[PDB]
Every structure is written in C-alpha cells, then in structure tokens.
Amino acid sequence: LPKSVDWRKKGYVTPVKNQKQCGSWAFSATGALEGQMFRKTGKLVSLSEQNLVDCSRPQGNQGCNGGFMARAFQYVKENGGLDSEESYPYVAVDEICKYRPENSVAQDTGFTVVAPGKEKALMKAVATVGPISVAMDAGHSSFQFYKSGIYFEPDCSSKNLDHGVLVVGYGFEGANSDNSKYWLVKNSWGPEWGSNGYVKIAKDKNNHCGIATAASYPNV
C-alpha cells in the first residue's frame, strides 16, 4: 500500500463543517458519501446532514440525539437518495423530514464494514476506497482541546466510542515510513478546531481511540 495517502489532495473532500449544537454521525456519513460520489462522478458536491438528521429515524437514528453512520448509509439506500447541502440546509435542530427527490444528488446501495479492530484492514480501506467513516473515543479534554501533532491519549478507549468522524488519509512524521505513523482525520467542529479542523491520531498504536473498531463506507 502507499506509505501516505491524502484524499483531500485528490479533490474527494469538502471544506470542514460545524455540527454546532446538535449531536449529529451525520457529518461522518455525508463526508464518506461525498467521497464515493466523487470517485464515481468526478463532481464534489456537499451533502445535507440535515436530511440525514430529519429523515433517518425509521432506520434507527435519532437526529441530534445521535445515531450511526451505517444507518445513515441504510437510509440513503432505502430512500433512493440524499439532498445537497444547498437545497436542504443545515439548521442543527431536529425538524420534520423535507426530502425532495428532485434535489437528490447522491445515492448508495448499502455499505461495507471494515473488519473490527483491524488497523491494517482500515489502511487498506483508506488506500483503495477513499475517505472512511469511523467512530472514536473523543471524550477527553486532550482531544476536545487538541491543537496539533499526533494525538495520543493513554486513557483513550478502543471500545466505548462516542464520536463519528472521517479518515481521509494516513502518513508518518519524520524519516521512517513506519515511524510516528498517524491517521489523518477530518472532524466536524469547524476549521478553528485542531489543525484547521483536522487531527492526526496515532496509527498502529493498538487501535488508538478505536478508529478501526467500527469503520464503514457506503457502496455507490
């Protein structure tokens, strides 16, 4: 596999968004789907997280109260599509479903799940598919106030995961391709968080914060 990957350099990734006061997995799903749609059509179109939060309750999601990227991919599949950010703007509160087929700009036929706990299988998925939806243990001030560098938090769990984000690459700092490795992750806390909205998380350090425990990607 490549020693480094960065899907942003290829045009697969939209700018960093802000979920604001809503606990909305929706941004991780829309990011993985923006990725696949691009691989497929050559166009980068920002998708609607609000569409996911308002309409995916039948699939088992709970809007601002939480959910699962995989259930979001399921909603897209059952719904036959998902609207653009532009046509169904984000308001960060639970509202009535207002999906419009005429405005759908993406689709998936279901999704794929990355082998649990496997960092090599996740590296494979990011090298061959594009940006991947993952869950992580984000509940520590070290991460909440992360600013730069390779994130490592000794108390990070690889089991109790509370935050859905997006892996858009991997790489290594310094000279050794196998030294100081990291996962390149896009957050949804706006550009002012971390390093322009992005965080590097320790890679191949025993599934740090659980990035490889519950990864998935939509099939388009």
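Residue indices: 1-based, along the sequence shown.
J.: Among the other entries that model both neighbours of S177, does it go unmodelled in a third or more?
T.: Yes, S177 lacks coordinates in at least a third of the other compared entries.
J.: Using the PDB record, quantify the missing residues of the deposited sequence between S24 and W25 as none, 1 to 3, 4 to 9, or 10 or more.
T.: The entry leaves 1 to 3 residues without coordinates here.
J.: For the C-alpha atoms alone, is the average B factor greater in 132 to 140 or in 118 to 126, going by the entry?
T.: Averaging CA B-factors over each stretch, the winner is 118 to 126.
J.: Please compare 188 to 196 with 167 to 175 and say which has the higher mean C-alpha temperature factor in the record.
T.: Per the PDB record, 167 to 175.
J.: Between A72, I96, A92, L82, which carries the biggest CA temperature factor in the record?
T.: Top of the list by C-alpha B-factor: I96.
J.: By its CA B factor, does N18 count among the lowest, middle or highest third of the modelled residues in the chain?
T.: Answer is lowest: the recorded C-alpha B-factor places it there.
J.: Looking at the temperature factor on the CA atom of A29, which third of the chain's modelled residues does it land in?
T.: For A29, whose C-alpha B-factor we compare with every modelled residue in the chain, the answer is the lowest third.
J.: Splitting the chain's C-alpha B-factors into thirds, which one does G42 fall into?
T.: Within its chain, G42 is a highest-third residue by C-alpha B-factor, going by the deposited values.
J.: Ordered by C-alpha B-factor within the chain, which third holds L52? Give me lowest, middle or highest, please.
T.: Lowest third - that is where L52 ends up once the chain's C-alpha B-factors are sorted.
J.: By the record's CA B-factor, is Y182 among the lowest, middle or highest third of residues in the chain?
T.: For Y182, the deposited C-alpha B-factor lands in the highest third.
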